[PDB]
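Take a look at this single chain, the form deposited in one PDB entry, given in structure tokens.
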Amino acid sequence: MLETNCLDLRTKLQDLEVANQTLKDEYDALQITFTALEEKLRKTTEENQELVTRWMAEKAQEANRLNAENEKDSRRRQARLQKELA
């Protein structure tokens, strides 16, 4: 309208509406999915941590075992080489 009048109050009953079809409703309607997504993310992250920690633990136990085997064989060589003097 080149010159607005009072009937242009339609805009009010057309703007009090559009806004409400989102804003305070949609704020919570995205807060819910956002907190949900937060929870999904922390679950997944937690899981990666447990997986990695488990893998690391098994590697530490294998490394420990191998160090112990090397040590045993080294003592064997030392004993044998002690036999080589008498």
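Residue numbers run from 1 along the displayed sequence. So that the term is clear: the rigid core is the largest set of C-alpha atoms that superpose within 1.5 Å between two forms.
Just so it is clear, the following notes concern the form deposited in another entry, a form of the same protein that is not shown.
After superposing the rigid core, the C-alpha of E62 moves by less than 2 Å between this form and the one not shown. Fitting the two forms on the rigid core leaves the C-alpha of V52 displaced by under 2 angstroms between this form and the one not shown. Once the cores line up, the CA of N20 ends up 2 angstroms or more apart between this form and the one not shown.
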